[PDB]
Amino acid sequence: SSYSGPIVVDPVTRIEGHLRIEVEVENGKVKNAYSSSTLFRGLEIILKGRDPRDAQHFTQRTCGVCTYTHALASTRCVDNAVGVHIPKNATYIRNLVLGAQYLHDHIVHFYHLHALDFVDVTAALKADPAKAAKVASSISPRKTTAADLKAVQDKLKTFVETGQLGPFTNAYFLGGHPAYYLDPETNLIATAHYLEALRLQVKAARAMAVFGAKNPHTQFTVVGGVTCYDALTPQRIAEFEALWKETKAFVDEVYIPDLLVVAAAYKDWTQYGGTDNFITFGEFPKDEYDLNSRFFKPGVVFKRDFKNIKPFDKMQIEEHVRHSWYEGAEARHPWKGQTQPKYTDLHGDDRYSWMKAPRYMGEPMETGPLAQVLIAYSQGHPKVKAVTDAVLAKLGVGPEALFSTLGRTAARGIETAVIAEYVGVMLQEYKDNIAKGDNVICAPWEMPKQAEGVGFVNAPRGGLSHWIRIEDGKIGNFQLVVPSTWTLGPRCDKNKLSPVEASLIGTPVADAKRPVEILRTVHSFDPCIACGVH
């Protein structure tokens, strides 16, 4: 029964945006892969000539999943271009909103985007809720009873019996599937928590609106700082703190135990979807002008040599277009970037994506939680090391297990747990600063006629950079280089497969009509195609 031939997955669902994955399968395993991004908007074109202050409002609309991140990147970029050093409180507030964004984003990713690749929701109906409650209570300090889980099962039963399966229509697990491994009880636990997560994420997102006006698409950042005087008040700080505390409890008591029980069941997934090279920009600064002041530090690793972490040199980024739907074949550093669309259809002139192909010293780089976690670990980050070691010990695996689809998925949880705790540290520092009498949240600045600037964010999917050339006080060039561009962009002019493409080689496919194994790997990267293409 081992399939040889093409498989196309278009649309890839349970991502942001519009992705087409093409693979060639030989004897039931992937031999080749293409990552094809099928929507272009052209925000970089639209920005030309505009007021640099307006950029963050446009670029935030790159993406509403990773909402705020692009506003933050553009504001850091214009801050940098004008040379303003924003007040300590603006750094704290900006960092706290970003921390909250990571928690919201990663919880929704695991449950609402990734878990249907691993959880058979309909098999939860077969479960013994008393058995399921015992298992749930064994993995978490949160106690769950039989009745708790029966209520979920009863709701699900009504839903399934109506014949209107809604989002579960034609799921790859319906009827059973040989690549789905969980027992009924573990499916019931995960399904219960999927549903719970639908309401918890409301609170996680609300935490961003406390200081940030609203979610999606915050409205509190300006060149020079932030606008939210109300964020200094004890009432708003208490409101934020309460939402953060409840969010953190869910991370610690529900998400991570679920992540571990699922990973333990799918331990074969340590064997697929590895990558070679990693890049990360660092995040949560003390000093807006020093990446090494960030709680996570930047770094670059080639060929998994974590004993030799290289410094990040921003001048070594170039974005390729040879296999992309843009004019020509010349890679460009983003301060000399070009966005000149030219469509040739799928594989026309060997071009197959609206994403550019960023390369660092010519190499394809994974970015995102696995890069952030592995580089921080290797830099001796104490919190990342403690959490990572505990996860590895629980799973009974060695560190080599991290270089995989499972590894990547685990690293997303690790980072969520570490960030959840660090938000409390930042919060306390913020409170302390206010208590010293520092009530300043915005600094004055002046627009230069000519300048270059760059802003760096390590976003939930990795290293984000926005690049501006100011000419006559206006946007002369504005280039976004986005984490999913790095990870899911196409081949470069050296024909090097991108991280997602390379990671798919070797993927087994049990059933070519229901290629969940491809989704597992693709989803592990948490693709954002609106981000990647803009």
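Heads up: residue numbers just count along the shown sequence, starting at 1.
Do the C-alpha atoms of 178 to 186 or of 209 to 217 have the higher average B factor in the entry?
Higher of the two, by average CA B-factor, is 178 to 186.
Going by the mean C-alpha B-factor recorded in the entry, which is higher: 387 to 395 or 419 to 427?
The recorded data point to 387 to 395.
Of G462, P358, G99, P141, which one's C-alpha B factor is largest in the deposited record?
Most elevated C-alpha B-factor of the set, per the entry: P141.
Going by the entry, which of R520, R14, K513, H18 has the most elevated CA B factor?
In the PDB entry, the greatest C-alpha B-factor among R520, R14, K513, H18 is found at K513.
Of the three thirds of its chain by CA temperature factor, lowest, middle or highest, which one includes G49?
According to the entry, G49 has a C-alpha B-factor in the chain's middle third.
What third of the chain, by the recorded C-alpha B-factor, contains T507?
Highest third - that is where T507 ends up once the chain's C-alpha B-factors are sorted.
Going by the entry, which third of its chain does the Cα temperature factor of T145 land in?
Its C-alpha B-factor, which the entry lists for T145, ranks in the highest third among residues of this chain.
For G455, return the chain-relative third of its C-alpha B-factor as stated in the PDB record: lowest, middle or highest.
Lowest third.
Going by the entry, which third of its chain does the Cα temperature factor of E24 land in?
According to the entry, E24 has a C-alpha B-factor in the chain's highest third.
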